[PDB]
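Protein chains in written order, with PDB author numbering: chain C, 3 to 460; chain F, 3 to 460; chain D, 3 to 460; chain B, 3 to 460.
Using N, Cα and C, we set each Cβ at its ideal position, and we do this for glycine too.
Structure record follows, encoded as structure tokens.
Number of protein chains: 4
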Amino acid sequence: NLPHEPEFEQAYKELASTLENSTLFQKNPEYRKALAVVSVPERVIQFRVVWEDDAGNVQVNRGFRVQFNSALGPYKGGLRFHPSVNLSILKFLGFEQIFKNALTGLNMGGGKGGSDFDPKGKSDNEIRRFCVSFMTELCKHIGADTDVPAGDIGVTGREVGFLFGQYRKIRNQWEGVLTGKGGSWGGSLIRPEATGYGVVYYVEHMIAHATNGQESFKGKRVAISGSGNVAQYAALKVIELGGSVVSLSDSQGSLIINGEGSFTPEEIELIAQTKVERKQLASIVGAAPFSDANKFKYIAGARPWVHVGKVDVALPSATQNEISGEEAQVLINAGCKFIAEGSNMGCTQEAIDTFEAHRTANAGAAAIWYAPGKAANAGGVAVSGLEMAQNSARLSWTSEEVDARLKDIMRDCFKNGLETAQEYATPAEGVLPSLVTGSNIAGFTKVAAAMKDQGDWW
Amino acid sequence: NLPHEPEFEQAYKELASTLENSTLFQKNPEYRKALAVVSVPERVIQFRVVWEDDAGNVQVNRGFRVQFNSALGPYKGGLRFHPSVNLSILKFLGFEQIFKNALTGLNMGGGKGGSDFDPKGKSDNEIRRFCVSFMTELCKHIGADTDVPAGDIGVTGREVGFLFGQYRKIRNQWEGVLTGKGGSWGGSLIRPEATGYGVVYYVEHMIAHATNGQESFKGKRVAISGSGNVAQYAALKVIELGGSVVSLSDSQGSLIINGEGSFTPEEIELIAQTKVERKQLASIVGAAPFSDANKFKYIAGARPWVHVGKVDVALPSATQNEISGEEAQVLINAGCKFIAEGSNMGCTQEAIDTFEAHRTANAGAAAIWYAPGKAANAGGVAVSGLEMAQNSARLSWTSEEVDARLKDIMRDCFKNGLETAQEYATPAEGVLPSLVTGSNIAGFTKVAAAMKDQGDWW
Amino acid sequence: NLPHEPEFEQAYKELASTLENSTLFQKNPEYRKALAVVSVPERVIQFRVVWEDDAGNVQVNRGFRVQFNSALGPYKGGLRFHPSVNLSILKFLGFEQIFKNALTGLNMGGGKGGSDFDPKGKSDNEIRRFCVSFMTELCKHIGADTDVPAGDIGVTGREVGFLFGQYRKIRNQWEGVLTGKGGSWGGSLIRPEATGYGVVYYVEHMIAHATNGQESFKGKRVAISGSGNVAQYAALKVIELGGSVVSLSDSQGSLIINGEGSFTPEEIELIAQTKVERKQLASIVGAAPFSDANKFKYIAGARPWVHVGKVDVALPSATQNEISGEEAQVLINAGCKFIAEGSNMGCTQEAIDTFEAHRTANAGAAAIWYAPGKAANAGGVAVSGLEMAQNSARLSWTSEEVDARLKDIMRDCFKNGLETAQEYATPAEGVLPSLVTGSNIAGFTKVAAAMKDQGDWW
Amino acid sequence: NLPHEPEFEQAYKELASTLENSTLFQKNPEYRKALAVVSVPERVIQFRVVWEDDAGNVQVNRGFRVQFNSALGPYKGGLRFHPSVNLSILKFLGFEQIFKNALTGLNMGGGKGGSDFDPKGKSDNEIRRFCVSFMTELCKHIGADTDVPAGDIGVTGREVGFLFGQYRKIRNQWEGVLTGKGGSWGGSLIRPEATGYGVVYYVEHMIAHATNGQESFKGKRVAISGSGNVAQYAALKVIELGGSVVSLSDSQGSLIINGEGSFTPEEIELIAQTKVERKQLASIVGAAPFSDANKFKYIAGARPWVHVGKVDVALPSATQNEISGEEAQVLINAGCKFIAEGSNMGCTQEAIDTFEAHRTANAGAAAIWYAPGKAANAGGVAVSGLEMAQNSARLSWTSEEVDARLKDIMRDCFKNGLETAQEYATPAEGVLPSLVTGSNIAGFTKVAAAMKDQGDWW
């Protein structure tokens, strides 16, 4: 009797739904067995972490590690430190990590770990104590050749340093077990920029194919939610390309541009360091230059999808399930045509159904196009794998080298989903193929073939 | 954001309530932190098990291992192979295992493992294949000095043999990691009968203290549910002592004696061998001697609590939460005075509340007395620990030697709960002390002191 | 080029000189190579221990572990947490542990560990933090079947509990790796008093052999130094036998008796918790019952050898090198006839030479007798080995059984030194044989034969 | 109570005094805590090695390994087989190894091991047997990803071959655990000449900066002590560059050129062959071409500092503390202006003070400049790290490639010390900055930042 895990259940149900409504099972009826095997995590570990705060009291926290599948390669996935982390969130993060790694083409598997520890409001000494205890508990199941952690929301370079400091005092090995570290001791360039660069390149390819390369981000208005590294760097890149960003959002409030205009790189940097100290967006809106009413408007507790009016590109990049069914209809009426997920699984099921129905009912560029999270978000993991290869080679790659492949990775990732959709889910004339269906089918076929060749199922 | 685990949540809430409604926290205000720490399992493992059935198809099952606490000693707990096994059930089994081991006074920690594999309807080859695949993955964390598996519902000597075969094939060590094995290769005598003998002895001590040793099982009618080894041997012991057993139960139906009388030892063996092949009780009621309508009445789908009439002792020993509030009221009206839990958490929370209220509202033997599951069910774990000691000594202990110790264990376990209840939860004059409160307080104080001396909390 | 290690160098020089001034090397000229090999520890480990105090500051300490020899069995020796602990002290402690274990006759090797951490003045949280940090580093080499530490000066049950907690958190094994633990979880009865009982029995045997059984502790005056467990329990036992203790001492001052009399069990008993909470003796003399000037005289900073006047037995039991030549002459003049070392290597080299010369120059009971520290101090290790055997058997021995055995060990230890001294160092008529020579030769011959049979030297 | 370790105490006192007399602690008062932590080795291991010589007699030697600090990476340091090796020498070698690795910029830490075994006068069978026993004892802690040994004084390729032969039999792994091996099985080119090339390049940069590039090694006289690989190759390189070498030295005596002239490469080459067989320099002065009294003068037991007359460059490269205060003044009077240490801590404390005072009291090139050993002798470890990277890449690098990099490291290492001294220890106008102060501050700041980011101290 399985427990209730809404996020993972919804993700798996969506994957099974887009697999069923195609010709995959008609051509390969034996692949239905692989779905049952691939949906059960290979190994899930939960451990109690007991640490001491500055006041000398005992604290209790839970640590998790989910290793979902390793058919393609060793385990990979960063540590997410957030108060909402439970088994379900890490499970679906690993589940989509599998296919995100499969689509990129790099030979490396998917997993995830983390905890419910909340860095916000915690002094340096307290997080040092927590990291020491956490790595003491976790050290029994880690290693660069068995699981590859990295950075994520809630974990910065300081926690990574403390984790590695405790790890070296038990196993006494120096290797690239963790990625996203400091550049001087195993990091890679463009890594903070890579996720946003990848999503922007993917949506650019989408636009080019949809309109036969007639327009681009120049002369367009893009809607962005969230203020994380991915959203901020995608906004910076689209500004550099020639686009106009119209809104940035945060969990408790959203800041929206007023009238026509776009954000400038200088104040975006100020937003960047604001989240570095994990502060509030409204804590800055009361001072210059965000005290200006004509350019910046702060609306606490409201998402930027309906207050923004006319837009062309939507990149929900803040949390999961951040677009409801009602928001989807409003986005259609606002003139939006292309949506990509900055963060994994950012749109609810009803919104996906609405976008798919609109795509099916309209031909040509008049139909809105959907980019699934496991496709456009794959840049960061690709560059992380390249960083792992570099640390294996013990060499440093320049900014231009790794920025060239990221362009190539996305063009291959887009084609792989598009071509597969045409053959397995061939649509009627004049309607663009389903990118979500193609991406899911491509990733699942790759993983299923690998598992079959390794004898996991038969 | 914790998931919904109804069984463990109910057990933890019950323990916390019975601790709060006493003077433990007034004398020792610092023990709240110990309660916070002790409620989180030390380590939980979930792994995918893939095995091949007789038809050559892929099968998928989940394996669990919950290691709850080791302050008192190394981990201990059998493997439960039932189709309903999930994380919550194993978690609450381990949680009560900790205190059950604490009350007996032996040095052993609390843990549990199992799977959702269903032995019923499975051939020998299929179950052997599953056992091989299961021990292949579990072997990465096991060992006699780290965790002690045993027997439980759903596991027999055959599964134990297959598990041991794969263990010795992988790690190549021979030691008593599993208890309850065959007597010739590490088992101990009286092991099947120990649980029933212990619960019956505890009830006997309960009667002696309540009525000043004026009556005993002889001349009384006892109500028993379930047909497991614990209930079967408990009924046999009541027959030997001189009581009357009136009912046996199964998951889908119950069989109840008609009028005055009691079961005979010869027919009890017929029920005993029937469950050996995991066959249904109704499959034997249609033939002699159970085809007699004058002695045996089969009521499928109904519990024997309200169809039995006048009773004196209730020993619910089939599943968890098998007595509701209405059932408790019917037992109160029927004249029953003494209840003990054959299985863990036999009665639902409302039933405990009703029994406690009736005990508080009445004085003397007119008040119904409640025996908690963690107290009267401790015989099996005690003899298992003695078996571990014997295997350490590489010697065999005779039937009479281990039967005397179990008599001494139960009288000490009963006294420990009774004396502690008087000092911490002293009632009004003429009212029997709360056995559940005393047992919970004794076990919790022992475990909390053991953890404090080891620095788990401070 | 060896460093300067005065204590170990002095002990090794004493052993070498004692062996040379006898016929061991004449009979077995090949044993010089064994003396060369045995003087080098098998393995010495030093590690930095970094721990955080209550104020949040960084603290640095050193951890040591010396495993001197293991020809007779696995390593054995407690952890000593004292400020003066450096490599030399632990080296000579392990060196004498070798032969102390050899004389007793049990099959267990010699070793020692500890640190320069200072428990005095430290709160419980600081001790827990240090113990966690210490057992994190030491865990890489420790185990019940490789090295078995115990209790010593500076370590009590609390540090044992914390160390065991961290050890079971890292290695996850429960076994009798540490001796001297709590009785409920691996301890043994009559363990704390065994050292004092053993030294008292040994000196009693010496007296009986010296005066042909015409005298005992009844009617004698015994001088004792120090206030440790050994000194306190030796005083208790000799009081029970019929002796009179006249002085206790401490590192900052000594308390001698005034005129004729002796301390009573109650005042000795209250001294125990005085040292348990680790407060200076002078903080107690100013109050009752030690405020009485008629019975107690506190001479701070002075040893009790000179101010005590006439004595019959001296048991220096405080620190190493606690008796110089002048004190030896004063003890000779005061009428003492038997010297036994409560602690390891209590008498300096010149004092030992003086006692030996006095023994050689006089015949019969007129010559005073010297007992080496490695002989009379062997009770504690013997009962600790018995405790190890009990934990192996997972059984507890009663107080009476361990008291009879401890009396049997001492009579064997005395004879072993006595008989060997006559064979190899036969003196002139009427002169008592050299106990130090006999004990050293017996221990060395046993260890050398064990090493030769194992191919360490050839 | 720390023991007397003169060499390590001298080095630590030098570093502490150098840091104190600057503004490092004024800008960062918190770094005083890091000094206490960094001065205690992480782990020190000593073991007894027993081996059989050619005559069948038992031989005993002591083995050591010191792993000082690993904040920057895994441990590194060769095995030194010299009869004078004890704990203090290896400790200070590792201590300066940490900072020598920090200044170079390669990311790998410091450590050291060795023994007191004396290869001189030992047949090949005896050293094979000793290496077999030594690597059997040391195998419990060694590994390429844990500690990286290399070559040093007393260790040639033959001992390395024997050690690797025994190590592969136990652990059974082939990787770059040892550096300085044969070029066909993991060695690197230029490796023997690397340290000499590095020191000569550093001093050439020093001369260029002091004289504004107006002077170089052409037309200068350089005084060199020692006849090891470093001194021999430095003399060869300066001869090729256009310099004039005037003296070589050995342990018991020194050979000094007579009048004006310089050594020729053919003579320098055969001295290396002389030291290959560990033969004596005086054994060669008695024959041609050293039988010529006009060019060569052998002065046994005398150092070449005061017998040489006018010199320009002094490169003491024989032992530690080979220049005392008296010879320090003579070097000033002889016209020397630049001193660089070939070996670690070539000059004593008084000589360092004299050079520093003379530098402070004079402006311009008239003041003598002192190059610390931890800066100029960094070439060998840099090329060893490059060799480790090559073995990781499993590729062979040409002679010219690695020779170009070694020129780059010295130019970077010089500015790093020079620039840091300018900012933290800014001198008066016209006074050259203190290279020793700058190098110490740079290395210590890098190591302290690494430790802080790793959470060793806080």
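Any idea if residue i is buried or exposed, counting beta-carbon neighbours within 10 angstroms, 16 or more meaning buried?
i, result
"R413 (chain D)", "exposed"
"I172 (chain B)", "exposed"
"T400 (chain B)", "exposed"
"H207 (chain F)", "buried"
"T439 (chain D)", "buried"
"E195 (chain D)", "buried"
"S90 (chain B)", "buried"
"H309 (chain B)", "exposed"
"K376 (chain F)", "buried"
"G178 (chain C)", "buried"
List the endpoints of the continuous beta strand (DSSP E) containing residue i.
i, result
"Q61 (chain D)", "60–71"
"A316 (chain C)", "315–317"
"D120 (chain F)", "Per DSSP, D120 (chain F) belongs to no beta strand (DSSP E) and is neither H nor E."
"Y204 (chain F)", "No beta strand (DSSP E) contains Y204 (chain F), which is instead part of the alpha helix (DSSP H) from 196–212."
"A225 (chain B)", "223–226"
Between residue i and residue j, which are expected to be in contact by the criterion C-beta below 8 Å, what is the C-beta distance as a whole number of angstroms?
i, j, result
"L105 (chain F)", "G366 (chain F)", "That pair is no contact at about 27 Å."
"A18 (chain F)", "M347 (chain F)", "In fact, because the Cβ distance is near 15 Å, the residues do not count as touching under 8 Å."
So the alpha helix (DSSP H) residue i belongs to, where does it begin and stop?
i, result
"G96 (chain B)", "89–106"
"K299 (chain C)", "Segment 298–302 is the beta strand (DSSP E) holding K299 (chain C); no alpha helix (DSSP H) there."
"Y372 (chain B)", "From DSSP, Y372 (chain B) is part of no alpha helix (DSSP H) but of the beta strand (DSSP E) over 371–373."
"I411 (chain F)", "401–426"
Which of the three DSSP states is assigned to residue i in this structure?
i, result
"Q392 (chain F)", "helix"
"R280 (chain B)", "coil"
"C338 (chain B)", "coil"
"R82 (chain F)", "strand"
"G112 (chain F)", "strand"
"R170 (chain F)", "helix"
"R361 (chain B)", "helix"
Using CA coordinates, which residue listed in the options is at the minimum distance from residue i?
i, options, result
"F49 (chain F)", "F:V310, F:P5, F:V68", "F:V68"
"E9 (chain D)", "D:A237, D:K93, D:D56", "D:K93"
"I370 (chain D)", "D:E161, D:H211, D:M390", "D:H211"
"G80 (chain D)", "D:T158, D:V240, D:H6", "D:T158"
"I241 (chain F)", "F:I259, F:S253, F:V232, F:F219", "F:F219"
I want to see whether chain A comes within less than 8 Å of residue i, judged by CB atoms only; does it?
i, result
"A38 (chain B)", "Among the protein chains in the structure shown, which are C, F, D and B, there is no chain A."
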